[PDB]
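K.L.:
An experimental structure, sequence included, is below.
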Amino acid sequence: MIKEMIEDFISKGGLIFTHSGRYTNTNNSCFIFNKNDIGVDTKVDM
DNA sequence: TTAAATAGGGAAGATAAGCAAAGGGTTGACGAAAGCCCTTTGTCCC
């Protein structure tokens, strides 16, 4: 129920991130992940 | 071209009825990340 979608994501050039600069300009491709900000109700983006 | 001295107490402010219907509220322009092909320029090999 969850794994197949994980192979779906890793098949393409997907990335998991919490902070990015693409929200200021669409042409940006900067993605970084922060481990210290992970909590119970922390929303992430991909 | 005046010195002082005060300016009311009481009562009381109406009720009933009703405020409409119909029609319409616009279009056109503001994408990134690739795949393939061709051409040109430049480098290297044969």
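P.N.:
Cool, got the structure. Numbering: from 1, shown residues only, chains lettered A, B, ... in the order given.

K.L.:
How about the residue nearest to the spatial centre of chain A, nearest residue that isn't a chain neighbour?
P.N.:
Within chain A, one residue has its C-alpha closest to the average C-alpha position: by CA atoms, centre = their mean, that is residue A:16, at 2.1 Å. Once its chain neighbours are removed from consideration, residue A:16 has its nearest residue in residue A:46; the separation is 5.3 Å (CB to CB, 6 or more residues apart in numbering). Where you see a C-beta, it was placed from the backbone N, CA and C, and this is true even at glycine.

K.L.:
what's the neighbour count on that neighbour?
P.N.:
Using other CB atoms under 10 Å, residue A:46 is surrounded by 8 other residues.

K.L.:
how much space is there between residue A:4 and residue A:46?
P.N.:
Look at residue A:4 and residue A:46: by CB to CB, to the nearest Å, they are 16 Å apart.

K.L.:
number of nearby residues for residue A:18?
P.N.:
A total of 15 residues lie near residue A:18 under the criterion other CB under 10 Å.

K.L.:
typed the wrong thing, it's residue A:3
P.N.:
A count of nearby residues for residue A:3, using other CB under 10 Å, gives 7.

K.L.:
so what's it up against?
P.N.:
When contacts are counted by CB atoms under 8 Å, 6 or more residues apart in numbering, residue A:3 touches no other residue.

K.L.:
Residue of chain A closest to DNA strand B, please.
P.N.:
With CB to the nearest atom of the strand as the measure, residue A:26 is the residue of chain A nearest to DNA strand B, at 4.4 Å.

K.L.:
my read: the residue nearest to residue A:16 touches residue A:15, true?
P.N.:
Yes - in this structure residue A:46 lies within contact range of residue A:15 using CB atoms under 8 Å: 6.7 Å.

K.L.:
quick one: the strands in chain A?
P.N.:
Read by DSSP state E, chain A holds these strands, from start to end of the chain: A:19-20, A:31-32.
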